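Before any questions on binding or motion, here is one chain by itself as structure tokens, the form deposited in one PDB entry.
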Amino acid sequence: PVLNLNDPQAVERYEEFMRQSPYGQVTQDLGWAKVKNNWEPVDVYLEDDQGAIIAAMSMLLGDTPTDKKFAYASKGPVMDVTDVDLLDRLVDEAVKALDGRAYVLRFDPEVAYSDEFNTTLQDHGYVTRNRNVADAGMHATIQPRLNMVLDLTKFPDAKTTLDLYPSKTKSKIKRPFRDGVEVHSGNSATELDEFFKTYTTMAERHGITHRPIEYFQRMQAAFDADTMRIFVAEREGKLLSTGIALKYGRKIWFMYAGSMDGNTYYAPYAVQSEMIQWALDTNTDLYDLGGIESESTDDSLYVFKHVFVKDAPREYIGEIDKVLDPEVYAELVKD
């Protein structure tokens, strides 16, 4: 069925399925639509013989240069996507709800890539975009397929961040704290302002754009302090670096960062260490440091994140496209 957002009871049922599913994704929670307030929300789900929700998909529709809409379910749907027959059923419900307004329904679940899975998907009619498309550009996948994920379940006895790493890394993580770096966290407006100054400063230094503060304010309004948390690193009165992490389902996700110019005393490591501590304190299975464009020492993002993730990057199946309008699809989507 399609979710009626004007019905509190139905919304709460939908939310409880999302929050409690081991496949839950924050970008699939209904709060996400509030963040992307410029997109149109359309949500659907499936029920079992008992009438209990067993699968869900939160879509967001965006405009294009054509008369068709772009339907996107960021990191969805919420279910075991390898159970393709069930996925087909969920997608059929999604397609019905789209009522022919979109040229495609794209979803990029965080499930490992494999030739076998890629083939099954293609056999069921879906168009997949992974090892077959450009690494970057506007033809590249929206989300990175390579992500540095720290699997905390490999260290059941771990009490603090340090217990997760070799001595060489313990030293790197200790350095900022030894040099006076202190980190406080929460989800207050003051902390948001703190994050925003470092976020935009970082943006300017790199000559890149940045999202407006209202984006993060909507995020702060949508998720409580047990879901959204801002970490701020300071040294003797000076603001050094910050980071935003979201806790949902089986993982804490490092989504945004900021750092002032000049001497930052390795504050970014301190921020990471505390986000990891939060994952440990809450018994979270995974700490997702985000994507990388290449597992190479020529990539500064890979370098940094490799400090905290020694395992190889997880490679996801990529974008799964249910083509609805083939002509427009070909015009707006290429490899």
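Numbering starts at 1 and runs along the sequence shown.
In what follows, reference is made to the form deposited with a partner chain bound, a form of this protein that is not presented.
Residue heavy atoms within 4.5 Å of its partner chain in the entry with it bound occur in exactly one stretch of 211-219, 164-172, 88-96, 121-129, and that stretch is 211-219.
Contact check for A112: every heavy atom lies farther than 4.5 Å from its partner chain in the entry with it bound. At a distance threshold of 4.5 angstroms between non-hydrogen atoms, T27 is in contact with its partner chain in the entry with it bound. Its partner chain in the entry with it bound is approached by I142, whose closest heavy atom lies within 4.5 angstroms of it.
Contact between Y302 and its partner chain in the entry with it bound is not found at the 4.5 Å heavy atom cutoff. Each of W32, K36 and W253 is positioned with at least one heavy atom within 4.5 Å of its partner chain in the entry with it bound.
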